[PDB]
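Here's the structure, in structure tokens; my notes come after.
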Amino acid sequence: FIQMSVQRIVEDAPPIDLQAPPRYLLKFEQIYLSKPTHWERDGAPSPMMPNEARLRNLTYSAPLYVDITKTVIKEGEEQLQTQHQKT
Amino acid sequence: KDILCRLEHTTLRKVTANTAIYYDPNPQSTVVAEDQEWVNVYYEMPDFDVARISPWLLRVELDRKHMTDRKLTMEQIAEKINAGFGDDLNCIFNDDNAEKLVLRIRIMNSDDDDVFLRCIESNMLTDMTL
Amino acid sequence: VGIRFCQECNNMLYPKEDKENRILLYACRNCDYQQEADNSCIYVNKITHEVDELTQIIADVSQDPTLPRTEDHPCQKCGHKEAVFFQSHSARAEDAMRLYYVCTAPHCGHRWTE
Amino acid sequence: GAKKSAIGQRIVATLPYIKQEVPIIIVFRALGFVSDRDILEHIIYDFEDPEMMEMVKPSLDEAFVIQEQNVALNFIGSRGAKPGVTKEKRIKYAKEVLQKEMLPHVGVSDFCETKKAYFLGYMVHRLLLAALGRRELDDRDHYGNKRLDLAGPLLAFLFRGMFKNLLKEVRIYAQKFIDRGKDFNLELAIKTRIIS
Amino acid sequence: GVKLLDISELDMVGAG
Amino acid sequence: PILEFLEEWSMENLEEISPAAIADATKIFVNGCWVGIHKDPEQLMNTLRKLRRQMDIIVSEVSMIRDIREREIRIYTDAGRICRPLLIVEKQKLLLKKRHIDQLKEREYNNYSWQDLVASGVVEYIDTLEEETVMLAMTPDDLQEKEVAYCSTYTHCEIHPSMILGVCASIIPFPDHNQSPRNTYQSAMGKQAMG
Amino acid sequence: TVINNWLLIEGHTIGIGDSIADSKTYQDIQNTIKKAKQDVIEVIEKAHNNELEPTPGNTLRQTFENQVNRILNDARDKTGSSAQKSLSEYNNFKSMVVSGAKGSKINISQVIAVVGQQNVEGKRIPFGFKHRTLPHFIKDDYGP
Ligand SMILES: [Zn+2]
Ligand SMILES: [Zn+2]
């Protein structure tokens, strides 16, 4: 599920395209998983060991990131394509 | 066993081997050569064929086994059919001399023409009681 | 028994009577196409249905490992001793424990019953 | 009654997103096979077997009035869950349903219609082999007919719906800013919690 | 396939 | 990859055949999708089992079932299917030999493991669908030895029958000497036991 | 009170020796089972050759099933009777059965001689697989 199905679910999802005017497009391409990480009150990442999750009533989860390519067309035959990495 | 046969419900389909709707437009003739013999035995005397009988034919075979087991004979089935349908159906039956218990049916000579016989077959096989 | 199709639309030919000649014609509806119907039989149903299973048996079942094999009955087309035996196990092949036999020899798909 | 079984027992088919079972040959004509021989070639492979033919006779007779693909598509569209008020919408809706909902594992492209036709033929062929008693009825609790959804497929099932919700949410946010004529920040569009 | 990221490539955006 | 291999072989796609050729051929299904037909099913199934047993293009968990009576070859690859390992039998002989047992005795410090057993084509995973097309020996010591013949064509052999039991039922000593409801009752009570 | 206190002098148990029969009894049970299997094979051979004739009111499957079922039932109860005859007077199974405290003669026969036919919905084990009860048999095998 993690290695293959998540990537395929994001990829086969329809691209978003919107209009009111400038056209906008969004496309999800690549997926990333860190290790299970805990952010303290200050917000510092640290590797969450599962025993800490058992003791502290946390959830032994890892964050999920995706590269999002936004392509905006301003009805002038141009396309500005900006790719936000690790969203 | 006689009383058992007398009360256990028997329908036409139980004692029939198969049927076939032929055409056979001339009722003097038959498409089946074995049929022509005893059909001629019933056709020296006209029996509701002086006027044009319907030029369809419904020919049924009755299982000798089930006919003997239920103590059924050739004639009383025809009597039951004629009672059920009056003279709307002209029914002839082969003389009881071989296991090929053949019964021919045509629509009355005063008479769909073809699929109405299919309706009559689907009726008589199940609902009609011997 | 025969099923016939039109020559212009290839739809099912329904039997019909020409009473003007008292003749059966397998006529196409919605195509005004007619043929000389010579089968002279419009319906049939084998209510008894003693139909042969050797027609229905496929010779490739000789290749089945799960089936029983015997030497009691040699083949009648090649004399091969080994044969695979089984039952119909089907409705309208009504309840009967009889055995149908298939010659295990390749290229001799002979079927029989004892 | 009297004439229902005179033709004989026939074959109907109930499809997704249709509020009424439809005759099978109507479905075949909707797929684009009007000739009866072409349909039976997809249904029956041995034409020298009269029994299968007699099984399929009344199904042909019921659908004999319809004799064109467009007529069959209008027939299907009239019986839809949301029927088209006009014939064009009915045919378009039936075409979409056959494109996407009827046997999607066979294919979703239009050019897979032939494959769908063959598969549908196989389906009715199996039914005939059950009706003629040539094949045994499949057993519901035969464990070979079962599959076990584990953490993998189950979490995939949830993740599909949650990703749908997330994409709908960012669509709403971005359209809020687009209808206002201004640009939107991508980070604020994503409601992370919808997954988490 | 899904790429793995090490903990050093996680920017501190989750605190901002 | 299964579709690519079958296209490389003489499997005729449905788009490129007249319906006249379907009657005398075997239908080929892949995950329930009718791909095409094939006219020599036996050697095709031999090839597919050869590829699977060698861990070639076909992976181990792919299951091929040939219905000979209905002329069908259903290949399944999706998840959710249950299977188990069975020892392969050829000409009333196990493909497992003493050399494999010797290599497995030194499972440590040799890097010979179960996966090499699967790769050697001695043991294969069989699913409950394919079990219908399998003639299985209970134990190799007697069930396939020459005698008054019961079945001379065994395709597989069980590793040990005791592996039919689950986890909680496998701690029962001598369960084959009990009444089965008490095997069930122990399978619950072992879950409830202190430890 | 009185009987429970006398039982401390008498005492009562149940053990492996109470479930053991002499070698002659085991040989008799095995001979009975061999005879039953042989005549079941005879019935199967009669059925396969169309020599078996259906009884009035039953189809041929029902006739065959009734014949084999009565065969195995008489074999089972004969083996159980023979095992019961082999019981000593000190045998604790017999002590608990004749007193009616627990168990039955069928339980002794199952423990000692033959567990018997296993039935599902009042019939023998059905063909879950393609004409088979398990993968370890050949197709169309109606043996015991
Ligand atoms: Zn025409
Ligand atoms: Zn031969």
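Identifiers for the structure tokens are assigned positionally: chains receive A, B, ... in sequence, residues are indexed from 1 per chain, and ligands are indexed from 1 in the order shown.
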
Could I get the residues of chain F with an atom no further than 9 Å from an atom of chain G, each paired with its nearest atom pair and that distance in Å to one decimal, using only C-alpha atoms, sorted by chain and residue number, as a Markdown table?
```
| residue | atom | partner | partner_atom | distance |
| --- | --- | --- | --- | --- |
| F:131 | CA | G:135 | CA | 6.4 |
| F:132 | CA | G:129 | CA | 5.8 |
| F:133 | CA | G:135 | CA | 8.3 |
| F:134 | CA | G:135 | CA | 6.4 |
| F:135 | CA | G:135 | CA | 5.7 |
| F:136 | CA | G:136 | CA | 4.8 |
| F:137 | CA | G:136 | CA | 5.9 |
| F:138 | CA | G:136 | CA | 6.7 |
| F:150 | CA | G:138 | CA | 8.5 |
| F:151 | CA | G:138 | CA | 7.3 |
| F:177 | CA | G:111 | CA | 8.9 |
```

Identify, with DSSP run on backbone atoms, the residues in stretch 45-153 of chain F assigned to helix (DSSP H, G or I), and express the list as JSON, numbers by chain.
-> {"F": [45, 46, 47, 48, 49, 50, 51, 52, 53, 98, 99, 100, 101, 102, 103, 104, 105, 114, 115, 116, 117, 118, 119, 130, 131, 132, 133]}

Output file for the selection above: N, CA, C and O atoms, as a tab-separated table (two decimals), in the first residue's frame:
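Now in out-v1.tsv:
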```tsv
chain	number	residue	atom	x	y	z
F	45	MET	N	-0.04	-24.03	-20.57
F	45	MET	CA	-0.03	-24.16	-19.12
F	45	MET	C	1.31	-24.70	-18.63
F	45	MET	O	1.80	-24.30	-17.56
F	46	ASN	N	1.91	-25.62	-19.39
F	46	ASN	CA	3.24	-26.10	-19.04
F	46	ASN	C	4.25	-24.96	-19.04
F	46	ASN	O	5.06	-24.84	-18.12
F	47	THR	N	4.19	-24.10	-20.06
F	47	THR	CA	5.09	-22.95	-20.12
F	47	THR	C	4.86	-22.00	-18.95
F	47	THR	O	5.81	-21.49	-18.35
F	48	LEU	N	3.59	-21.72	-18.62
F	48	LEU	CA	3.30	-20.78	-17.54
F	48	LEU	C	3.78	-21.32	-16.20
F	48	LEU	O	4.37	-20.58	-15.40
F	49	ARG	N	3.55	-22.61	-15.94
F	49	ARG	CA	4.05	-23.20	-14.70
F	49	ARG	C	5.57	-23.24	-14.67
F	49	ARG	O	6.18	-23.05	-13.61
F	50	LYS	N	6.20	-23.47	-15.83
F	50	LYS	CA	7.65	-23.42	-15.91
F	50	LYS	C	8.17	-22.03	-15.55
F	50	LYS	O	9.15	-21.89	-14.80
F	51	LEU	N	7.55	-20.99	-16.10
F	51	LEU	CA	7.99	-19.63	-15.81
F	51	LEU	C	7.77	-19.27	-14.34
F	51	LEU	O	8.63	-18.65	-13.71
F	52	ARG	N	6.62	-19.65	-13.78
F	52	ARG	CA	6.35	-19.34	-12.38
F	52	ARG	C	7.32	-20.07	-11.46
F	52	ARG	O	7.82	-19.49	-10.49
F	53	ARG	N	7.60	-21.34	-11.74
F	53	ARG	CA	8.48	-22.12	-10.88
F	53	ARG	C	9.93	-21.66	-10.95
F	53	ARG	O	10.69	-21.93	-10.02
F	98	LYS	N	17.66	-34.72	-1.10
F	98	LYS	CA	18.46	-34.62	0.12
F	98	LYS	C	19.41	-33.43	0.09
F	98	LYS	O	19.77	-32.90	1.14
F	99	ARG	N	19.84	-33.01	-1.11
F	99	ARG	CA	20.73	-31.86	-1.22
F	99	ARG	C	20.07	-30.59	-0.68
F	99	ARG	O	20.72	-29.79	0.01
F	100	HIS	N	18.79	-30.39	-0.97
F	100	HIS	CA	18.09	-29.22	-0.45
F	100	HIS	C	17.99	-29.27	1.06
F	100	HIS	O	18.14	-28.25	1.74
F	101	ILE	N	17.75	-30.46	1.62
F	101	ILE	CA	17.67	-30.61	3.07
F	101	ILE	C	19.03	-30.32	3.69
F	101	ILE	O	19.12	-29.70	4.76
F	102	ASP	N	20.11	-30.77	3.04
F	102	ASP	CA	21.45	-30.50	3.56
F	102	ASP	C	21.74	-29.00	3.54
F	102	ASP	O	22.32	-28.47	4.49
F	103	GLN	N	21.36	-28.32	2.46
F	103	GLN	CA	21.57	-26.88	2.39
F	103	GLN	C	20.75	-26.15	3.45
F	103	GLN	O	21.21	-25.17	4.04
F	104	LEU	N	19.53	-26.63	3.71
F	104	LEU	CA	18.68	-25.99	4.72
F	104	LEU	C	19.13	-26.31	6.14
F	104	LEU	O	18.80	-25.55	7.06
F	105	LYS	N	19.83	-27.42	6.35
F	105	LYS	CA	20.37	-27.70	7.68
F	105	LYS	C	21.35	-26.62	8.10
F	105	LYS	O	21.35	-26.19	9.26
F	114	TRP	N	14.29	-20.17	2.47
F	114	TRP	CA	13.05	-20.59	1.82
F	114	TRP	C	12.95	-20.01	0.41
F	114	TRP	O	12.47	-20.69	-0.51
F	115	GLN	N	13.36	-18.75	0.23
F	115	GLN	CA	13.23	-18.10	-1.07
F	115	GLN	C	14.02	-18.83	-2.14
F	115	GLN	O	13.60	-18.87	-3.30
F	116	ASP	N	15.17	-19.41	-1.78
F	116	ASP	CA	15.90	-20.23	-2.73
F	116	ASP	C	15.18	-21.54	-3.01
F	116	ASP	O	15.30	-22.09	-4.11
F	117	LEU	N	14.44	-22.06	-2.03
F	117	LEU	CA	13.61	-23.24	-2.29
F	117	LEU	C	12.54	-22.92	-3.32
F	117	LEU	O	12.28	-23.71	-4.23
F	118	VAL	N	11.89	-21.76	-3.18
F	118	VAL	CA	10.88	-21.36	-4.16
F	118	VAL	C	11.52	-21.12	-5.52
F	118	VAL	O	10.98	-21.50	-6.56
F	119	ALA	N	12.69	-20.47	-5.52
F	119	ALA	CA	13.37	-20.17	-6.78
F	119	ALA	C	13.85	-21.44	-7.48
F	119	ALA	O	13.92	-21.47	-8.71
F	130	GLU	N	-6.85	-22.84	-7.64
F	130	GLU	CA	-6.03	-23.80	-8.37
F	130	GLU	C	-6.04	-25.18	-7.71
F	130	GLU	O	-5.74	-26.17	-8.39
F	131	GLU	N	-6.38	-25.26	-6.42
F	131	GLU	CA	-6.48	-26.56	-5.75
F	131	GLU	C	-7.51	-27.47	-6.42
F	131	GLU	O	-7.37	-28.69	-6.37
F	132	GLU	N	-8.54	-26.89	-7.04
F	132	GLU	CA	-9.51	-27.69	-7.77
F	132	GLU	C	-8.89	-28.45	-8.93
F	132	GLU	O	-9.43	-29.50	-9.32
F	133	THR	N	-7.78	-27.96	-9.49
F	133	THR	CA	-7.08	-28.61	-10.59
F	133	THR	C	-5.80	-29.31	-10.13
F	133	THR	O	-4.90	-29.53	-10.94
```

May I have the residues within 12 Å of residue B:28 as a VMD selection string, using only C-alpha atoms and disregarding those fewer than 2 positions away in the same chain?
-> chain B and resid 24 to 26 30 to 33 35 to 47 49 to 50 52 to 53 55 57

Kindly export the residues of the current selection with C-alpha atoms, as a PDB file, in the first residue's frame.
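What ended up in result-v7.pdb:
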```pdb
ATOM      1  CA  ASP B  24     -47.971 -30.811 -42.941  1.00  0.00           C
ATOM      2  CA  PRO B  25     -50.453 -28.698 -44.951  1.00  0.00           C
ATOM      3  CA  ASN B  26     -52.308 -31.599 -46.569  1.00  0.00           C
ATOM      4  CA  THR B  30     -47.797 -36.589 -43.184  1.00  0.00           C
ATOM      5  CA  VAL B  31     -44.232 -35.332 -43.117  1.00  0.00           C
ATOM      6  CA  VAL B  32     -43.383 -38.438 -41.030  1.00  0.00           C
ATOM      7  CA  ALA B  33     -43.685 -41.687 -42.984  1.00  0.00           C
ATOM      8  CA  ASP B  35     -47.357 -41.269 -39.173  1.00  0.00           C
ATOM      9  CA  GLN B  36     -49.044 -41.673 -42.580  1.00  0.00           C
ATOM     10  CA  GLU B  37     -50.142 -45.274 -41.939  1.00  0.00           C
ATOM     11  CA  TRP B  38     -52.387 -44.826 -38.937  1.00  0.00           C
ATOM     12  CA  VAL B  39     -53.268 -41.293 -40.041  1.00  0.00           C
ATOM     13  CA  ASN B  40     -54.780 -42.935 -43.118  1.00  0.00           C
ATOM     14  CA  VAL B  41     -56.468 -45.361 -40.718  1.00  0.00           C
ATOM     15  CA  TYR B  42     -58.225 -42.293 -39.211  1.00  0.00           C
ATOM     16  CA  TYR B  43     -58.802 -40.553 -42.598  1.00  0.00           C
ATOM     17  CA  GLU B  44     -60.890 -43.009 -44.615  1.00  0.00           C
ATOM     18  CA  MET B  45     -63.760 -41.499 -42.596  1.00  0.00           C
ATOM     19  CA  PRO B  46     -63.632 -37.659 -42.597  1.00  0.00           C
ATOM     20  CA  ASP B  47     -63.372 -36.306 -39.033  1.00  0.00           C
ATOM     21  CA  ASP B  49     -61.483 -32.311 -42.196  1.00  0.00           C
ATOM     22  CA  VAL B  50     -64.099 -31.817 -44.948  1.00  0.00           C
ATOM     23  CA  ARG B  52     -59.963 -26.858 -44.361  1.00  0.00           C
ATOM     24  CA  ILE B  53     -58.420 -28.016 -41.109  1.00  0.00           C
ATOM     25  CA  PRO B  55     -52.583 -26.578 -41.932  1.00  0.00           C
ATOM     26  CA  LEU B  57     -49.811 -30.008 -36.822  1.00  0.00           C
TER      27      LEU B  57
END
```

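Environment of ligand 2, defined as every protein or nucleic acid residue with an atom within 10 Å of it and counting only C-alpha atoms and all ligand atoms, comprises residues 74, 75, 76, 77, 78, 79, 80, 81, 82, 83, 102, 103, 104, 105, 106, 107, 108, 109, 110 and 111 of chain C.
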
Could the residues in this selection be saved with C-alpha atoms as a PDB file, in the first residue's frame?
```
ATOM      1  CA  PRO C  74      -8.904 -50.740 -23.537  1.00  0.00           C
ATOM      2  CA  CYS C  75      -9.773 -48.314 -26.307  1.00  0.00           C
ATOM      3  CA  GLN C  76     -11.766 -49.527 -29.313  1.00  0.00           C
ATOM      4  CA  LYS C  77     -10.030 -47.224 -31.855  1.00  0.00           C
ATOM      5  CA  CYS C  78      -6.351 -47.779 -30.949  1.00  0.00           C
ATOM      6  CA  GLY C  79      -6.327 -50.579 -28.361  1.00  0.00           C
ATOM      7  CA  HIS C  80      -4.702 -48.351 -25.738  1.00  0.00           C
ATOM      8  CA  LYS C  81      -5.176 -49.943 -22.329  1.00  0.00           C
ATOM      9  CA  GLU C  82      -5.304 -46.829 -20.142  1.00  0.00           C
ATOM     10  CA  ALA C  83      -8.538 -44.828 -20.066  1.00  0.00           C
ATOM     11  CA  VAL C 102     -12.111 -41.427 -22.624  1.00  0.00           C
ATOM     12  CA  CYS C 103      -9.084 -43.012 -24.269  1.00  0.00           C
ATOM     13  CA  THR C 104      -5.969 -41.590 -22.599  1.00  0.00           C
ATOM     14  CA  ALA C 105      -3.888 -41.985 -25.776  1.00  0.00           C
ATOM     15  CA  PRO C 106      -3.066 -38.586 -27.347  1.00  0.00           C
ATOM     16  CA  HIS C 107      -4.625 -37.994 -30.785  1.00  0.00           C
ATOM     17  CA  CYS C 108      -7.298 -40.654 -30.012  1.00  0.00           C
ATOM     18  CA  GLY C 109     -10.099 -38.814 -28.231  1.00  0.00           C
ATOM     19  CA  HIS C 110     -12.438 -41.794 -28.363  1.00  0.00           C
ATOM     20  CA  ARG C 111     -15.406 -41.605 -25.981  1.00  0.00           C
TER      21      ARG C 111
END
```

Near chain F, which residues of chain C fall within 10 Å when you count only C-alpha atoms, and what do they look like as a PyMOL selection string?
-> chain C and resi 56-70

Residues as selected, N, CA and C atoms, written as a compact mmCIF listing (two decimals), in the first residue's frame, can you do that?
```
# COMPACT_ATOMS: atom_id res chain seq x y z
N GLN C 56 -21.07 -34.27 -25.44
CA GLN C 56 -20.67 -33.18 -24.56
C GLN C 56 -19.29 -33.36 -23.96
N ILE C 57 -18.77 -34.59 -23.91
CA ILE C 57 -17.45 -34.82 -23.34
C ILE C 57 -16.40 -34.25 -24.28
N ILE C 58 -15.44 -33.54 -23.70
CA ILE C 58 -14.29 -33.00 -24.42
C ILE C 58 -13.12 -33.95 -24.20
N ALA C 59 -12.47 -34.35 -25.30
CA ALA C 59 -11.38 -35.32 -25.22
C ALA C 59 -10.19 -34.81 -24.40
N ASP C 60 -10.03 -33.48 -24.28
CA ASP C 60 -8.90 -32.91 -23.55
C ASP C 60 -8.89 -33.30 -22.07
N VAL C 61 -10.01 -33.78 -21.53
CA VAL C 61 -10.06 -34.29 -20.17
C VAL C 61 -9.16 -35.51 -19.96
N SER C 62 -8.65 -36.13 -21.03
CA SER C 62 -7.60 -37.13 -20.88
C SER C 62 -6.37 -36.56 -20.18
N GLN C 63 -6.14 -35.25 -20.29
CA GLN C 63 -4.99 -34.59 -19.69
C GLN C 63 -5.19 -34.23 -18.22
N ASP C 64 -6.36 -34.51 -17.64
CA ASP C 64 -6.66 -34.07 -16.29
C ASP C 64 -5.99 -35.00 -15.28
N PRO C 65 -5.13 -34.51 -14.38
CA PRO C 65 -4.54 -35.43 -13.39
C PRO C 65 -5.50 -35.85 -12.29
N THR C 66 -6.49 -35.01 -11.96
CA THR C 66 -7.39 -35.31 -10.86
C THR C 66 -8.40 -36.41 -11.19
N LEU C 67 -8.48 -36.87 -12.49
CA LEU C 67 -9.51 -37.83 -12.86
C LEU C 67 -9.04 -39.27 -12.62
N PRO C 68 -9.94 -40.23 -12.40
CA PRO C 68 -9.50 -41.63 -12.28
C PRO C 68 -9.12 -42.26 -13.61
N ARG C 69 -8.04 -43.05 -13.57
CA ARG C 69 -7.52 -43.80 -14.71
C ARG C 69 -7.60 -45.29 -14.41
N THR C 70 -7.86 -46.09 -15.45
CA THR C 70 -8.05 -47.52 -15.32
C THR C 70 -7.46 -48.24 -16.52
```

If we count only C-alpha atoms, which residues of chain E reach to within 12 Å of chain D? Please list them as a ChimeraX atom specification.
-> /E:13-14,16

Which residues come within 9 Å of stretch 3-10 of chain E, counting only C-alpha atoms, excluding same-chain residues fewer than 5 positions away, as a CSV table (one decimal) with N, CA, C and O atoms, in the first residue's frame?
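Listing of out.csv after writing:
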```
chain,number,residue,atom,x,y,z
A,3,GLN,N,4.2,1.7,-0.8
A,3,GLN,CA,5.2,1.8,-1.8
A,3,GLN,C,4.5,2.1,-3.2
A,3,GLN,O,5.1,2.9,-3.9
A,30,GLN,N,4.8,13.3,-7.5
A,30,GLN,CA,5.7,12.4,-6.8
A,30,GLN,C,5.4,12.5,-5.3
A,30,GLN,O,5.0,13.6,-4.8
A,31,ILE,N,5.6,11.4,-4.6
A,31,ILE,CA,5.2,11.2,-3.2
A,31,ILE,C,6.4,10.9,-2.3
A,31,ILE,O,7.4,10.3,-2.8
A,32,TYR,N,6.4,11.4,-1.1
A,32,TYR,CA,7.5,11.2,-0.1
A,32,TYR,C,6.9,10.9,1.2
A,32,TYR,O,5.9,11.5,1.7
A,33,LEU,N,7.6,10.0,1.9
A,33,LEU,CA,7.3,9.6,3.3
A,33,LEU,C,8.5,9.7,4.1
A,33,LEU,O,9.5,9.1,3.8
A,34,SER,N,8.5,10.5,5.2
A,34,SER,CA,9.6,10.5,6.2
A,34,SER,C,9.4,9.2,7.1
A,34,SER,O,8.4,8.5,6.9
A,35,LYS,N,10.3,9.1,8.1
A,35,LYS,CA,10.0,8.2,9.1
A,35,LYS,C,9.0,8.7,10.1
A,35,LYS,O,8.7,9.9,10.0
A,37,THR,N,7.8,10.7,12.9
A,37,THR,CA,8.5,11.9,13.6
A,37,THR,C,7.5,12.5,14.5
A,37,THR,O,6.3,12.6,14.2
A,45,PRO,N,11.4,18.5,15.0
A,45,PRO,CA,11.2,17.1,14.7
A,45,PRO,C,12.2,16.2,15.4
A,45,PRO,O,13.4,16.6,15.6
A,46,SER,N,11.7,15.0,15.9
A,46,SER,CA,12.6,14.0,16.4
A,46,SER,C,12.0,12.7,16.1
A,46,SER,O,10.8,12.5,15.9
A,47,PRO,N,12.8,11.6,15.9
A,47,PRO,CA,12.3,10.3,15.6
A,47,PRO,C,11.4,9.8,16.8
A,47,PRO,O,11.9,9.6,17.9
A,86,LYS,N,7.8,18.9,-2.0
A,86,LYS,CA,7.6,18.4,-0.7
A,86,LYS,C,6.5,19.2,0.0
A,86,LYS,O,6.8,19.8,1.1
```

Residues within 10 Å of ligand 1, counting only C-alpha atoms and all ligand atoms, as a ChimeraX atom specification | /C:5-13,27-34 /D:35

May I have the selected residues written with N, CA, C and O atoms, as an mmCIF file, in the first residue's frame?
```cif
data_model
loop_
_atom_site.group_PDB
_atom_site.id
_atom_site.type_symbol
_atom_site.label_atom_id
_atom_site.label_comp_id
_atom_site.auth_asym_id
_atom_site.auth_seq_id
_atom_site.Cartn_x
_atom_site.Cartn_y
_atom_site.Cartn_z
ATOM 1 N N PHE C 5 -31.018 -17.399 -41.098
ATOM 2 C CA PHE C 5 -30.815 -15.961 -41.030
ATOM 3 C C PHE C 5 -30.981 -15.350 -42.412
ATOM 4 O O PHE C 5 -30.780 -16.009 -43.435
ATOM 5 N N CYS C 6 -31.358 -14.078 -42.417
ATOM 6 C CA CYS C 6 -31.562 -13.347 -43.655
ATOM 7 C C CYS C 6 -30.241 -13.148 -44.391
ATOM 8 O O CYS C 6 -29.155 -13.331 -43.837
ATOM 9 N N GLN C 7 -30.350 -12.765 -45.667
ATOM 10 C CA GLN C 7 -29.194 -12.541 -46.530
ATOM 11 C C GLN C 7 -28.868 -11.068 -46.745
ATOM 12 O O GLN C 7 -27.822 -10.768 -47.332
ATOM 13 N N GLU C 8 -29.718 -10.149 -46.275
ATOM 14 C CA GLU C 8 -29.543 -8.713 -46.463
ATOM 15 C C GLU C 8 -29.311 -7.969 -45.161
ATOM 16 O O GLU C 8 -28.550 -6.998 -45.149
ATOM 17 N N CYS C 9 -29.953 -8.401 -44.072
ATOM 18 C CA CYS C 9 -29.741 -7.869 -42.735
ATOM 19 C C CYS C 9 -29.258 -8.917 -41.741
ATOM 20 O O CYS C 9 -28.863 -8.547 -40.629
ATOM 21 N N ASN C 10 -29.271 -10.203 -42.106
ATOM 22 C CA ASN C 10 -28.773 -11.285 -41.254
ATOM 23 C C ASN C 10 -29.514 -11.339 -39.920
ATOM 24 O O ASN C 10 -28.927 -11.624 -38.874
ATOM 25 N N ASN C 11 -30.814 -11.065 -39.961
ATOM 26 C CA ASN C 11 -31.701 -11.223 -38.820
ATOM 27 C C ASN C 11 -32.387 -12.582 -38.885
ATOM 28 O O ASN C 11 -32.363 -13.272 -39.906
ATOM 29 N N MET C 12 -33.011 -12.959 -37.773
ATOM 30 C CA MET C 12 -33.579 -14.294 -37.641
ATOM 31 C C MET C 12 -34.768 -14.470 -38.579
ATOM 32 O O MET C 12 -35.666 -13.623 -38.625
ATOM 33 N N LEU C 13 -34.773 -15.576 -39.324
ATOM 34 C CA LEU C 13 -35.885 -15.897 -40.211
ATOM 35 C C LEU C 13 -37.001 -16.550 -39.407
ATOM 36 O O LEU C 13 -36.811 -17.629 -38.834
ATOM 37 N N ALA C 27 -39.555 -16.506 -43.574
ATOM 38 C CA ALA C 27 -39.568 -15.112 -43.992
ATOM 39 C C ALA C 27 -38.859 -14.231 -42.971
ATOM 40 O O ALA C 27 -38.973 -14.445 -41.760
ATOM 41 N N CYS C 28 -38.116 -13.246 -43.474
ATOM 42 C CA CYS C 28 -37.517 -12.213 -42.641
ATOM 43 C C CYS C 28 -38.524 -11.087 -42.454
ATOM 44 O O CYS C 28 -39.076 -10.572 -43.432
ATOM 45 N N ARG C 29 -38.763 -10.714 -41.202
ATOM 46 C CA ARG C 29 -39.574 -9.552 -40.883
ATOM 47 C C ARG C 29 -38.693 -8.311 -40.877
ATOM 48 O O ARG C 29 -37.496 -8.386 -40.610
ATOM 49 N N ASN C 30 -39.301 -7.168 -41.204
ATOM 50 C CA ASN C 30 -38.635 -5.879 -41.448
ATOM 51 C C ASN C 30 -37.575 -5.939 -42.562
ATOM 52 O O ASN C 30 -36.733 -5.042 -42.664
ATOM 53 N N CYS C 31 -37.608 -6.963 -43.428
ATOM 54 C CA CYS C 31 -36.736 -7.024 -44.596
ATOM 55 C C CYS C 31 -37.403 -7.584 -45.849
ATOM 56 O O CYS C 31 -36.736 -7.662 -46.886
ATOM 57 N N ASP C 32 -38.688 -7.962 -45.789
ATOM 58 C CA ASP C 32 -39.482 -8.584 -46.856
ATOM 59 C C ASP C 32 -38.726 -9.632 -47.673
ATOM 60 O O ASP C 32 -38.940 -9.755 -48.883
ATOM 61 N N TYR C 33 -37.867 -10.406 -47.012
ATOM 62 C CA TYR C 33 -37.085 -11.464 -47.634
ATOM 63 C C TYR C 33 -37.649 -12.816 -47.223
ATOM 64 O O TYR C 33 -37.972 -13.030 -46.051
ATOM 65 N N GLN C 34 -37.769 -13.717 -48.196
ATOM 66 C CA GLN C 34 -38.407 -15.011 -48.004
ATOM 67 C C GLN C 34 -37.539 -16.114 -48.590
ATOM 68 O O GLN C 34 -36.781 -15.895 -49.538
ATOM 69 N N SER D 35 -27.323 -6.641 -36.212
ATOM 70 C CA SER D 35 -27.577 -7.922 -36.854
ATOM 71 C C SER D 35 -27.659 -9.029 -35.809
ATOM 72 O O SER D 35 -26.808 -9.123 -34.919
#
```

Fewer than 5 positions away in the same chain doesn't count, so skip those; otherwise give me all residues within 12 Å of stretch 63-68 of chain D, counting only C-alpha atoms, as a PyMOL selection string.
-> (chain C and resi 9+11-14+28-31) or (chain D and resi 10-12+22-36+56-58+73-76)

Tell me which protein, DNA and RNA residues are within 9 Å of residue A:1, counting only C-alpha atoms, leaving out same-chain ones fewer than 4 positions away, and put them as a PyMOL selection string.
-> (chain A and resi 5-6) or (chain D and resi 151-153+155-156)

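Residue neighbourhood of residue B:18, excluding near-sequence residues (fewer than 4 positions): residues 60, 61 and 62 of chain B; 44, 45, 46, 47 and 48 of chain C, at 8 Å, using only C-alpha atoms.
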
Counting only C-alpha atoms, give me one row per residue of chain A with an atom at most 9 Å from an atom of chain D, showing the shortest contact pair and its distance in Å to one decimal, sorted by chain then residue number, as CSV.
```
residue,atom,partner,partner_atom,distance
A:1,CA,D:152,CA,4.7
A:2,CA,D:152,CA,7.9
A:5,CA,D:156,CA,6.7
A:6,CA,D:156,CA,7.2
A:9,CA,D:160,CA,6.5
A:10,CA,D:163,CA,7.6
A:13,CA,D:164,CA,8.0
A:16,CA,D:171,CA,7.2
A:17,CA,D:171,CA,8.4
A:18,CA,D:175,CA,6.7
A:19,CA,D:178,CA,6.7
A:20,CA,D:179,CA,4.8
A:21,CA,D:181,CA,7.8
A:22,CA,D:178,CA,8.1
A:23,CA,D:178,CA,8.9
A:24,CA,D:178,CA,8.8
A:63,CA,D:196,CA,8.9
A:70,CA,D:186,CA,8.9
A:84,CA,D:186,CA,8.7
A:87,CA,D:187,CA,7.6
```
